[PDB]
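First up is the structure itself, then whatever we jot down about it.
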Amino acid sequence: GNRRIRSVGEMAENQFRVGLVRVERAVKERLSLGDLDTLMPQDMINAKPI
Amino acid sequence: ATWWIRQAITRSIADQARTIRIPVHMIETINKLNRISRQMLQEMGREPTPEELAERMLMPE
Amino acid sequence: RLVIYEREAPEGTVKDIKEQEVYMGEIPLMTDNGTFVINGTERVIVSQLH
């Protein structure tokens, strides 16, 4: 009752979580400088790290 | 000094940040592919084949 | 969805670009029997006790 059972679905969620956090660093990074109607939610998010 | 300082930093990263030292024109050639493959990656949904960014690059491809 | 609020104004958006489905990585899928294929290799993710 003080040992607990994860599994694939839960542990994967944690890994994809950690994937987002490193794209969060990059999202805010670009939003620091961005111009108006030029850039879009694409030029920011990098898929290879996720 | 901002230009003289930022010169020496980036002009140094070109020389002694690599184990196999490469010329600066290679480093800017490279970034072209990485910036392109950030677009091409998501812009497609799969990712570019070695002959897809060959077209989007002026290079001998 | 990307929103940009007006400079020094009560939160109203100058423009918002709804970038249709930005791609972020392929997440592996689980087969009918609970295995994964990762490099032509069937793998099972064991549940964990923490």
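Starting from 1 in every chain, residues are counted up; chains themselves are A, B, ... following the order of the structure tokens, and ligands are numbered from 1 as listed.
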Please return, as JSON, numbers by chain, all residues of chain A lying within 12 Å of chain B when only C-alpha atoms are considered.
{"A": [39, 40, 41, 42, 43, 44, 45, 46, 47, 48, 49, 50]}
Distance limit 7 Å, atoms considered: only C-alpha atoms. Which chain C residues sit that close to chain A? Return them as a PyMOL selection string.
chain C and resi 2+17+19+22-25+45-50
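Closest to chain C among B:9, B:14, B:40, B:53 is B:40, based on only C-alpha atoms.
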Would you work out the distance separating atom CA of residue C:32 from atom CA of residue B:44, expressed in Å to one decimal?
28.9 Å
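Reported to one decimal place, the separation of atom CA of residue B:23 from atom CA of residue B:58 is 18.5 Å.
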Coordinates-based distance that separates atom CA of residue A:22 from atom CA of residue C:44 (Å, one decimal)
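Interatomic distance here is 26.7 Å.
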When DSSP works through the backbone of this structure, what residues of chain A end up as helix (DSSP H, G or I), shown as a PyMOL selection string?
chain A and resi 8-31
Same residues, C-alpha atoms, saved as a compact mmCIF listing (two decimals), in the first residue's frame:
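selection-v5.txt written:
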# COMPACT_ATOMS: atom_id res chain seq x y z
CA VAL A 8 3.67 2.00 -20.26
CA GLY A 9 0.93 4.60 -20.66
CA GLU A 10 1.86 6.52 -17.51
CA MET A 11 5.63 6.42 -18.04
CA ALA A 12 5.28 7.49 -21.68
CA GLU A 13 3.19 10.49 -20.58
CA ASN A 14 6.05 11.52 -18.29
CA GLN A 15 8.54 11.25 -21.15
CA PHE A 16 6.38 13.29 -23.54
CA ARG A 17 6.00 15.77 -20.68
CA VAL A 18 9.79 16.17 -20.52
CA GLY A 19 9.63 16.52 -24.30
CA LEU A 20 7.33 19.53 -24.05
CA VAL A 21 9.38 21.25 -21.33
CA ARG A 22 12.37 21.47 -23.67
CA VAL A 23 10.15 22.86 -26.42
CA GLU A 24 8.74 25.27 -23.82
CA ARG A 25 12.24 26.67 -23.33
CA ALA A 26 12.46 27.17 -27.10
CA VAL A 27 8.93 28.58 -27.45
CA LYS A 28 9.52 31.35 -24.91
CA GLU A 29 13.00 31.86 -26.39
CA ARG A 30 11.54 32.80 -29.78
CA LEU A 31 8.58 34.73 -28.33
Closest of B:59, B:24, B:29, B:52 to residue B:11 - atom-to-atom distances counting only C-alpha atoms:
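Of the candidates, the smallest distance to residue B:11 is held by B:24.
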